[PDB]
Structure formats: C-alpha cells, structure tokens
C-alpha cells in the first residue's frame, strides 16, 4: 500500500538522511550495505520506523547482485517507485600527475558502473508500468573543475551524462530521471575530521557563497523533491545543492 524506494546505502551520511526523509513521507524504504552485520542496527538508527524498512546486502559493483537484489525487491513488494543512487566513493590523492590508476578504477566501478547497473535493472521494471523516479547523486565537481578532485569529478560528470541520456530516452515512458549536485556536505565522516582539529570548518565553508557547509538534510530534501509523486514535469535536470557555488 506504501510507495517503495530503493537507496543504495542508508546506514551513514547522505543515504541515512535520505532514508529518514522518505520514511517521514510514508514510504516503505529498502536500504543496503555491503556488510550484512549492519542489518542489526536498524531498530536503533531508525527507532519508530523499523516496520517500514527492508535490508539488502549489496555491492553495486557486482552487476549480477544488483539484478538479483532489484528482482527480489520487485517480487516482494510488486512495485519500485523510486531508485536513489547514493553509493559513491572519493579517493583523493594529490595533483593529477600523482594520482593512482587503481584509485580511478575504483571510483569508476562504484560511482559510474554501480549507478549504471542500478539504473539498468530498475528501468527494466519501471518501463513495464510507465512510471517511476530515479535520482542520481553527482557533485559540484560534476559541473566544474576542482583541483585535487579531478578524477572524482570525472566520475560525477559521467553520472550527469547517464542522468541526462536516460532522461531523454525514458521521457515519453513517464519516468523522471534527475540528479543532485551537492557542495561540501557535513557528514559524520567530515564532522570527525573537523573534530580532530586537522580541518577548520570555516576553511572549507568559505568555498560556498553562503559561507556554511551543506547538511545531509539539504541533500535529502532535494532528492525527495525530485522523486515524489508531485514531480510530473522535471526530468534530465541537475539540481545544485551547493550554497551558491555553481552560480559564481
């Protein structure tokens, strides 16, 4: 009876807040981790929402598993209203000439191929019912040049390419496909790097015109807006959630 959303992730950072936002809006939420040990955290991370959450172990770089997991979800729930491609990694070295090819391949595998696999199998099902929403997560580095994050940015550019291409291809099938482009977001990972003193909050906050960091809630709200049933006419679009970064 509830709309059903799959988030690649859900246990930390942006993904957890995305899960919470859909839960607060009466969705059934499928969340994932590579680690089966995370399933037991559910009643404690999402106190009152436990009954509306389903766990799946999933590595998005494993195409066969992506197909299996999405098939399982469709079989169990008989619907797949929304896919949120949250899973992503950033392996930041130094300048381009010092970067490791193994790092770039890992980012490609997770950020590009993982998003591609999830789209590919989600769309096979969404096509049949001529409805659904996909929201991909890019970055400001997906729309501009960012020193020391060139390779990550390249993958996030590629994500935008998958978003716009798929959008145009599936536009007449009533499926919406959009992306968000967050600026620097204060996740748990960043908060502890600030708390360990070796990273000044104001130092990184200053790259945004708004002179503050983004929150996981800022991102979750944008994703929810693009995904919900009241989105009838927005597709192929990249929503910047960046404190004004891309406008200068």
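Numbering follows the first chain given and starts at 1.
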Report task. Select between 181-189 and 200-208 the stretch whose C-alpha atoms have the higher average B-factor in the entry. Result -> 200-208
Query raised in the report: Comparing 65-73 with 44-52, which has the greater mean CA B-factor as deposited?
Result: 44-52
Query raised in the report: Highest Cα B-factor in the PDB entry belongs to which of 168, 150, 129, 158?
Result: 129
Report summary line: Max C-alpha B-factor within the set 139, 86, 109, 97 falls on 97
Report summary line: Here the Cα B-factor of residue 125, set against its chain, lands in the third termed highest
Report summary line: Of the three thirds of Cα B-factor ranks in this chain, residue 31 occupies the middle
Query - B-factor third for the C-alpha atom of residue 91 within its chain - result: highest
Query raised in the report: Taking the C-alpha B-factors as the PDB entry records them, is residue 164 in the lowest, middle or highest third of its chain?
Result: lowest
Report summary line: In terms of its chain's C-alpha B-factors, the third that includes residue 145 is the middle
